[PDB]
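Structure first, then comments.
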Amino acid sequence: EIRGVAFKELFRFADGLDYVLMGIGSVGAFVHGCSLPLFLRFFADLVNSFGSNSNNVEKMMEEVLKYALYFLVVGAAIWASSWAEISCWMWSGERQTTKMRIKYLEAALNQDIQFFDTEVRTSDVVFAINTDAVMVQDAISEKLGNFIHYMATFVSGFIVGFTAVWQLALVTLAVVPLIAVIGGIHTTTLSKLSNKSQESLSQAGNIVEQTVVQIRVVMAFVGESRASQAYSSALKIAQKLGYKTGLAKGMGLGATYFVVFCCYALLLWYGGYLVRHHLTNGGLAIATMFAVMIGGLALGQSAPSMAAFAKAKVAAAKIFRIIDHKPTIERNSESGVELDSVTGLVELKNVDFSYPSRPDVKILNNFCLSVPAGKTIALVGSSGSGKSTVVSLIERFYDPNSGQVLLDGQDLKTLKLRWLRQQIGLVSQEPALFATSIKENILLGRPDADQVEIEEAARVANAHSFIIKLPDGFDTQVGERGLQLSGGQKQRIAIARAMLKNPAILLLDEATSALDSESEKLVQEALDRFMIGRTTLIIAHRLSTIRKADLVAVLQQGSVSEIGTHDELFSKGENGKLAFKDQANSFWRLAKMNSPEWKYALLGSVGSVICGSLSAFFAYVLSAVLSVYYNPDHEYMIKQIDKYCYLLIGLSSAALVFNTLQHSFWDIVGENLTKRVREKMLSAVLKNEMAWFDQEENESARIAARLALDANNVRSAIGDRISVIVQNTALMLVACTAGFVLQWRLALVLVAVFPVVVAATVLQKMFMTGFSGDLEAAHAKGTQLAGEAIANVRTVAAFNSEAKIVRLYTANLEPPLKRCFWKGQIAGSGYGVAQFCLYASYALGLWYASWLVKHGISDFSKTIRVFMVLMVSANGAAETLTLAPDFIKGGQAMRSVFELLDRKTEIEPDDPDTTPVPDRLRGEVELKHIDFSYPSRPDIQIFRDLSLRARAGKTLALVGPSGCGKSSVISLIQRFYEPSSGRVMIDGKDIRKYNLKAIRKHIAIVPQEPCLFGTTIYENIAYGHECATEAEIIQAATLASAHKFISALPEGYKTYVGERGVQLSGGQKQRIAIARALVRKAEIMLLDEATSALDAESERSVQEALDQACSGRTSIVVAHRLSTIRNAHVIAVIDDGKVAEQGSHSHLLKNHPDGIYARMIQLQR
Ligand SMILES: CC(C)[C@H](C)[C@@H](O)[C@H](O)[C@@H](C)[C@H]1CC[C@H]2[C@@H]3COC(=O)[C@H]4C[C@H](O)[C@H](O)C[C@]4(C)[C@H]3CC[C@]12C
């Protein structure tokens, strides 16, 4: 484990402005922290004056006025301090982190390639840029300010409480730990249970992902229910964990309320005792209790900043480790001769390079390669030979071991590499394109070029292409949102960037196997014009360029064998605004969908209202006790205080019980709703046809992501919404009725500003969480550019364009900087305004209470009770709003799930219109005049009114060009896609009117790539038939010969096979797929060209298994390899969507000579 760097080093990249910002933010944070207990002290003074001066009205009025002015001053101070703190801390952190990001990327780019090979992985570098974008910035921007603020709040609260009433402060200090302890336990318990629920949800998502990637075989058979059952099990586990989560949350809230009620019972009694003995005032005691509570909670809230500091220390240690590293290979050297003879006569003698990470094995051991001066060389060394090692050595990526290696007669170390790499042009296996515009992606080959040179290079040496046939053209920033690039466009861009480096050698290598000939001919003309270009890593891919090269010296077993002529070369290298009515309707339909849980909801609802009442009740008690404090009759005050304390102790238990009840039952409602909706979504998805799966936004992990993300916000938007809207309604109703009954006038004035108080307290809690948004989302563009640069470090170094990448990174990072500055300003201003309005409302309400008392309208007791009850109830309501407010996201996901459910399938897997189905369908399939067009590409028509047919009980083999959709025929058979036109019949009955579900069990299919359903081979084989028992799969394995390795397998049938388990060989996987096909004992077998890339033993085994599989009943096979259709007695030709020759291969080979069969026979020779 790396040792975290000390805290001070985190501020390495701080300049003078950052120091000023940090100082101003620190002062603002200190003032913001201190001004809360100061407000409590001023409130105590105001209440004490307003209660003591009942007889002397004028003194009461003037003192209340001065303290209201103090409240306004404190509000203004809070406004200024919070604004300064938030803005300065956010912007300073962002600036420092951006500078450090830029320096990190700059240091990473100019590192040696061997650094990434051995020291730090590229994935580690990308993760490090994630960590520097998150943790270091978070610690030095928001966590530090919050730590200072909470230290200030803690110290100020303790000072205020002690200097007011040291006695009660000590008692309140002892009460603080209990509340803090319960809060910590509740938070930890929920986090642990949340982790359990999270992994359970991941399991459910994995099931959906697996089902979608295997949707073909799953739909081809009858696995739709099987998949739903597995999903049901995972959902059940998740809801059980959710039940625990909900019960734990309820218990935590109940426990903290119980402790709070009992502790304030004790504190209020002790405050009454102190008031009896003339040791304090009422307001002073109340403020002391509040201040000490605030200080303790502030320290508790400050601890997470320390946690963040530790994590960021570790992260910054890693980042500074990578930054401070110094490259070993010398760059910007002074030994460069800068020779103008760009032609490389001959070089690379006696190279003895050994791979840097592992010195045990060496490739370039003792041999020489040598080159001419202006003639290409083709290099073909086995398969895993060090063909790329020569390219790397030429580019000076590494260095040869102790020997004598030169270039052009002037060595490599004595020619620099800043301009040496300028002479050399490199084209990689896969072209490396960066997030900038394609125009700049042409520039970085030579920044000194102008527009005219770029366009002439792209035009005379490349054909007109998508760059000009484009809405944007030169300003076409690709990035992650790059347009459709099939490989040819980006490849041509890469060679163009290459030709901008006109002189000297140009290095080639193999491209993708499926590439158009235009790129190859452009490469050929590029190497012809730059005859200095040699060292093509063709690895036996273009015999024409091989004949072009004067020397085609090979690198067999990592060594040169023959150098010179290129004549025979045989037996070597044989490899080739949003609406609201719709939201209301969807809400109503989900509620109707949630009907079976109604009981729980009602009970939960009951608990909610009672919980709300308790909160209001608590507020009232405080008010009452305070109002009782300023009562001359001591015995009456004793009786009242005892009554209130006993009532509070009694109702603490009710608070606990009904908090647990409410949260448990609402969580049960929510979990049941999520499970039901998720199952319905999966069923609706599985009912859809394959054309729906082919469409975009509709495949693999992304559909699983939509399913996972559109259920939790649904549970929120139903359960949490109703729970809060009823509990806060009960709270507000009780508080408002108490306030009205006491003094309706002041109650009305206060409920005028009630939303302002609630909003301000909500913003206080949000400040507690933080106002910096998703830092990752802000720097997404820069992060992806940096990842592309680091992953493509070899290409960047080859084109010596590190500075260009750095400046592009800076230009991408500037808009996040500006956005962060403005966001900080807006957030600080808004928070300050809200707090100022809160304190202005407090001052106005309390002054109006004083004014009412002055004119004999009311009393001190009633007015103070109204004020305190309404304000504490506002705080409680805001604390209630802290529950997940994902309502808008909930509505959006509501619409998403509803449109997913209401989608209509064109092909219904079910058979509502039942048709007669024979028990043993013989299956005389006849695809007569079937006109089918590629679903993905309508223009492409694999079938053109082809009258294909196959007599039942007979084997038909489909042969023809790979381009024609011979496999697409089997898709039409399973009705995955419907032919653009034409009618297909299945044994005397058309399949359209026929029942698809009955057909599925009479059809067996083997995919070209076998797929792994689950853990055991047992279940994979049993998947073929609905009720496979045990003997049936035994015979399936024996006839399929799958048992041969199964007995050899340690666990046999029950071995864990798949991605994580024992990965069987391709032949074994295909053989078990064939076995599961035989399990279904279907009359019609649709054999696919699975035997594509296998070794000799696996080839023979899989063709044998195919021999037993196709034997018996009827089988439509598609094949392209000899000794496969020969066994079949009926062969068809798929030429251009039409049938050409029908009959046995031997029968049609004798007559009409030079036939299409003879064509592939001659080709296979
Ligand atoms: C005199 C008040 C009306 C004052 C003007 C008001 O603005 C102030 O913010 C009140 C509502 C605060 C000050 C201290 C707060 C309390 C702090 O002391 C406590 O024990 C905590 C524990 C726990 O966090 C409870 O959920 C809230 C609870 C019990 C708080 C409830 C709200 C307060 C009582």
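Chain labels follow the order of the structure tokens: the first chain is A, the next B, and so on; residue numbering restarts at 1 in every chain, and ligands are counted from 1 in their shown order.
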Might you pull out every residue within 12 Å of residue 588 of chain A, with only C-alpha atoms counted and same-chain residues fewer than 6 positions away left off, and present them as number ranges by chain? A: 581-582, 594-595, 718, 891, 894, 898
Would you pick out the contacts of segment 431-441 of chain A at 10 Å or less, using only C-alpha atoms, so that residues sharing its chain but fewer than 3 positions from it are not included, and give the list as a count of residues only? 51
So the first atom is atom CA of residue 798 of chain A and the second is atom CA of residue 521 of chain A; what is the distance between them in Å, to one decimal place?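 Distance reported for this atom pair: 23.8 Å.
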If you take only C-alpha atoms and all ligand atoms and a cut-off of 7 Å, which residues of chain A touch ligand 1, and what are their nearest atom pairs and distances in Å to one decimal, in chain and number order, as CSV?
residue,atom,partner,partner_atom_place_in_ligand_line,distance
A:179,CA,ligand 1,22 (C),6.3
A:257,CA,ligand 1,26 (O),6.8
A:260,CA,ligand 1,20 (O),5.7
A:290,CA,ligand 1,14 (C),4.3
A:291,CA,ligand 1,14 (C),6.7
A:293,CA,ligand 1,18 (O),4.4
A:294,CA,ligand 1,17 (C),5.4
A:842,CA,ligand 1,5 (C),7.0
A:868,CA,ligand 1,3 (C),4.8
A:871,CA,ligand 1,3 (C),4.9
A:872,CA,ligand 1,11 (C),4.2
A:875,CA,ligand 1,11 (C),5.2
Can you write just those residues out, N, CA, C and O atoms, as a short mmCIF file (atom, residue, chain, number, x, y, z; two decimals), in the first residue's frame?
data_model
loop_
_atom_site.label_atom_id
_atom_site.label_comp_id
_atom_site.auth_asym_id
_atom_site.auth_seq_id
_atom_site.Cartn_x
_atom_site.Cartn_y
_atom_site.Cartn_z
N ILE A 179 -27.55 11.12 21.61
CA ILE A 179 -28.20 11.44 20.30
C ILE A 179 -27.21 11.15 19.17
O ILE A 179 -27.60 10.48 18.19
N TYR A 257 -35.64 9.60 18.19
CA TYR A 257 -36.73 10.39 18.75
C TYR A 257 -36.97 10.06 20.22
O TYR A 257 -37.22 10.96 21.03
N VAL A 260 -34.21 11.70 22.22
CA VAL A 260 -34.39 13.15 22.24
C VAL A 260 -35.48 13.54 23.23
O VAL A 260 -35.32 14.47 24.03
N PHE A 290 -30.12 24.38 23.46
CA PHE A 290 -30.05 24.35 22.00
C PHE A 290 -28.61 24.51 21.52
O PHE A 290 -28.18 23.81 20.60
N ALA A 291 -27.85 25.42 22.13
CA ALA A 291 -26.50 25.70 21.68
C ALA A 291 -25.59 24.50 21.91
O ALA A 291 -24.76 24.17 21.05
N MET A 293 -26.50 21.32 22.12
CA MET A 293 -26.89 20.32 21.12
C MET A 293 -26.29 20.65 19.76
O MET A 293 -25.76 19.76 19.07
N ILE A 294 -26.37 21.92 19.35
CA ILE A 294 -25.86 22.31 18.04
C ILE A 294 -24.36 22.06 17.96
O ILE A 294 -23.85 21.56 16.95
N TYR A 842 -38.00 35.49 11.32
CA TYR A 842 -37.96 35.35 12.77
C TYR A 842 -38.13 36.69 13.46
O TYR A 842 -38.95 36.84 14.38
N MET A 868 -42.94 29.76 18.99
CA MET A 868 -42.04 28.62 19.15
C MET A 868 -42.62 27.37 18.49
O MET A 868 -41.89 26.63 17.81
N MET A 871 -42.33 27.66 14.65
CA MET A 871 -40.97 27.64 14.11
C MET A 871 -40.34 26.26 14.26
O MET A 871 -39.70 25.75 13.33
N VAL A 872 -40.51 25.62 15.42
CA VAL A 872 -39.97 24.28 15.58
C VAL A 872 -40.69 23.29 14.67
O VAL A 872 -40.08 22.35 14.15
N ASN A 875 -39.13 23.60 11.33
CA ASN A 875 -37.89 22.84 11.30
C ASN A 875 -38.16 21.35 11.13
O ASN A 875 -37.48 20.67 10.37
#
For residue 599 of chain A: contacts at 10 Å, only C-alpha atoms, fewer than 5 positions along chain excluded, given as a PyMOL selection string: chain A and resi 604-605+665+669
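Among the candidates A:586, A:486, A:627, A:729, the residue lying nearest to residue 890 of chain A is A:586 (atoms considered: only C-alpha atoms).
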Need the shell around residue 241 of chain A: protein/DNA/RNA residues with any atom at most 7 Å away, counting only C-alpha atoms. Skip same-chain ones fewer than 2 positions apart. Format as a PyMOL selection string? chain A and resi 193+196-197+237-239+243-245
For the selection you just gave me, I'd like the residues written to a file as a PDB file, in the first residue's frame, keeping N, CA, C and O atoms.
ATOM      1  N   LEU A 193     -26.963  -2.412   5.037  1.00  0.00           N
ATOM      2  CA  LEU A 193     -28.132  -3.071   4.393  1.00  0.00           C
ATOM      3  C   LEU A 193     -28.258  -2.579   2.947  1.00  0.00           C
ATOM      4  O   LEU A 193     -28.644  -3.389   2.083  1.00  0.00           O
ATOM      5  N   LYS A 196     -26.027  -4.610   0.763  1.00  0.00           N
ATOM      6  CA  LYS A 196     -26.638  -5.940   0.498  1.00  0.00           C
ATOM      7  C   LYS A 196     -27.674  -5.799  -0.622  1.00  0.00           C
ATOM      8  O   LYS A 196     -27.614  -6.577  -1.592  1.00  0.00           O
ATOM      9  N   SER A 197     -28.583  -4.830  -0.493  1.00  0.00           N
ATOM     10  CA  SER A 197     -29.637  -4.634  -1.520  1.00  0.00           C
ATOM     11  C   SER A 197     -28.977  -4.331  -2.869  1.00  0.00           C
ATOM     12  O   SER A 197     -29.448  -4.869  -3.887  1.00  0.00           O
ATOM     13  N   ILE A 237     -35.078 -11.845  -3.230  1.00  0.00           N
ATOM     14  CA  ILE A 237     -33.919 -11.604  -2.323  1.00  0.00           C
ATOM     15  C   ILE A 237     -33.801 -10.097  -2.085  1.00  0.00           C
ATOM     16  O   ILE A 237     -33.676  -9.692  -0.912  1.00  0.00           O
ATOM     17  N   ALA A 238     -33.874  -9.301  -3.155  1.00  0.00           N
ATOM     18  CA  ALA A 238     -33.715  -7.833  -3.028  1.00  0.00           C
ATOM     19  C   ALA A 238     -34.800  -7.258  -2.110  1.00  0.00           C
ATOM     20  O   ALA A 238     -34.451  -6.446  -1.232  1.00  0.00           O
ATOM     21  N   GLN A 239     -36.059  -7.661  -2.302  1.00  0.00           N
ATOM     22  CA  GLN A 239     -37.163  -7.064  -1.498  1.00  0.00           C
ATOM     23  C   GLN A 239     -36.980  -7.452  -0.026  1.00  0.00           C
ATOM     24  O   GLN A 239     -37.228  -6.591   0.838  1.00  0.00           O
ATOM     25  N   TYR A 243     -36.836  -4.983   2.973  1.00  0.00           N
ATOM     26  CA  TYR A 243     -37.667  -5.068   4.201  1.00  0.00           C
ATOM     27  C   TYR A 243     -36.775  -4.797   5.414  1.00  0.00           C
ATOM     28  O   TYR A 243     -37.153  -3.969   6.265  1.00  0.00           O
ATOM     29  N   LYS A 244     -35.621  -5.468   5.479  1.00  0.00           N
ATOM     30  CA  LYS A 244     -34.669  -5.241   6.596  1.00  0.00           C
ATOM     31  C   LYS A 244     -34.244  -3.772   6.584  1.00  0.00           C
ATOM     32  O   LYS A 244     -34.289  -3.136   7.653  1.00  0.00           O
ATOM     33  N   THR A 245     -33.857  -3.263   5.411  1.00  0.00           N
ATOM     34  CA  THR A 245     -33.432  -1.845   5.290  1.00  0.00           C
ATOM     35  C   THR A 245     -34.524  -0.947   5.881  1.00  0.00           C
ATOM     36  O   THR A 245     -34.181  -0.063   6.691  1.00  0.00           O
TER      37      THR A 245
END
Any chance you could list, as a PyMOL selection string, the residues in segment 336-431 of chain A that come up alpha helix (DSSP H) when DSSP is run on the backbone? chain A and resi 387-394+420-423
Need to verify the contact set: residue 1144 of chain A, 12 Å, only C-alpha atoms, exclusion of same-chain residues closer than 3 positions in sequence. Can you return it as a ChimeraX atom specification? /A:954-959,1125-1133,1141,1147-1151,1157
Filtering to C-alpha atoms, could you give me those residues as a short mmCIF file (atom, residue, chain, number, x, y, z; two decimals), in the first residue's frame?
data_model
loop_
_atom_site.label_atom_id
_atom_site.label_comp_id
_atom_site.auth_asym_id
_atom_site.auth_seq_id
_atom_site.Cartn_x
_atom_site.Cartn_y
_atom_site.Cartn_z
CA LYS A 954 -34.89 -35.47 -45.35
CA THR A 955 -31.67 -33.43 -44.79
CA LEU A 956 -31.29 -30.18 -46.82
CA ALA A 957 -27.89 -28.41 -46.93
CA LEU A 958 -27.74 -24.70 -47.94
CA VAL A 959 -24.54 -23.74 -49.87
CA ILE A 1125 -22.91 -31.06 -47.40
CA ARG A 1126 -21.62 -34.27 -49.01
CA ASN A 1127 -23.45 -36.30 -46.36
CA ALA A 1128 -26.67 -34.43 -47.14
CA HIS A 1129 -28.58 -35.80 -50.12
CA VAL A 1130 -30.36 -32.54 -51.07
CA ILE A 1131 -28.37 -29.37 -51.76
CA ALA A 1132 -29.60 -25.88 -52.66
CA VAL A 1133 -27.95 -22.72 -53.97
CA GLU A 1141 -29.41 -25.97 -58.47
CA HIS A 1147 -26.06 -36.14 -58.83
CA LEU A 1148 -25.68 -32.52 -59.96
CA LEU A 1149 -21.88 -32.69 -60.21
CA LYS A 1150 -21.95 -35.25 -63.04
CA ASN A 1151 -24.35 -33.31 -65.28
CA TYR A 1157 -20.60 -27.04 -56.95
#
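The nearest approach to residue 701 of chain A among the residues A:210, A:800, A:335, A:146, with only C-alpha atoms taken into account, belongs to A:210.
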Hey, which of A:274, A:323, A:485, A:901 ends up closest to residue 679 of chain A? Count only C-alpha atoms.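 That would be A:901, the residue with the smallest distance to residue 679 of chain A.
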Distance query segment 102-104 of chain A at most 7 Å, only C-alpha atoms, self and fewer than 4 positions along chain excluded, as an NGL selection string: :A and (98 or 108 or 323 or 806 or 810)
Non-local contacts of segment 533-548 of chain A (9 Å; only C-alpha atoms; under 4 positions in same chain excluded) as a ChimeraX atom specification: /A:371-372,374-383,387-388,390-391,424-425,504-511,513,524,526-529,552,566-567,573-576
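Between atom CA of residue 279 of chain A and atom CA of residue 641 of chain A the separation is 17.2 Å.
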Those in segment 921-1141 of chain A with strand (DSSP E or B) from DSSP, as a PyMOL selection string: chain A and resi 925-931+946-949+955-959+981+985-986+989-990+1003-1005+1016+1056+1084-1087+1114-1118+1130-1133
Of the listed residues A:1048, A:348, A:449, A:569, that which approaches residue 406 of chain A most closely, counting only C-alpha atoms: A:348
